[PDB]
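The chain that follows stands alone, in the form deposited in one PDB entry, written as structure tokens.
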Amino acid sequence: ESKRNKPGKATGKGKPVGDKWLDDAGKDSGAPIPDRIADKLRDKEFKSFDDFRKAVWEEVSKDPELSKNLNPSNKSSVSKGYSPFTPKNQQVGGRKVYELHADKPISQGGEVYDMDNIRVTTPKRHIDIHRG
């Protein structure tokens, strides 16, 4: 029974970025996690990490700035709290959306709802990070 199943409260300050944040997502560390987003949710006791994610994208959807750079089809996803798709070259088979990755692995004392520890990646990066 993993620590991302059982409930917990949101913690973290975030990081400053632009509306062109998802290049770094395919690159190294990844894209950061927005501080507008962080503040919007700091200290909300969430039921599961599935509950948290919905609340992250849904706030991206209510955010006119970060949604600005998504097509009419991804503004939808986030508008119901779903991850938007990545570009095809960044996808791996049937793993197609952006993925919220625990920078420090949870098993090594990485905290689940530690927004400062969450980085955003394309599947192709997410795999490579977990190798190189």
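Shifts are known only where both forms have a C-alpha. Here, rigid core means the biggest group of C-alpha atoms that superpose within 1.5 Å across both forms. Residue indices: 1-based, along the sequence shown.
Not pictured, yet referred to below: the form deposited in another entry.
Quiz item: With both forms fit on the core, is the shift of the CA atom of residue 107 between this form and the one not shown 2 Å or larger?
Solution: Yes, the C-alpha position differs by at least 2 Å between this form and the one not shown.
Practice problem: Pin down for me whether the residue 112-residue 91 Cα distance shrinks or grows in the other form relative to this form (closer or farther, change of 3 Å or more). | Solution: Residue 112 and residue 91 sit farther apart in the other form.
Quiz item: Quick one: residue 107 and residue 44 C-alpha atoms, closer or farther in the other form compared with this form (3 angstroms or more)?
Solution: The answer is closer, because the C-alphas of residue 107 and residue 44 approach each other in the other form by 3 Å or more.
Practice problem: Superpose the two forms on the rigid core, then report in sequence order the stretches of at least three consecutive residues whose Cα positions each move 2 Å or more between this form and the one not shown. | Solution: After superposition, only residues 105-112 shift as a run.
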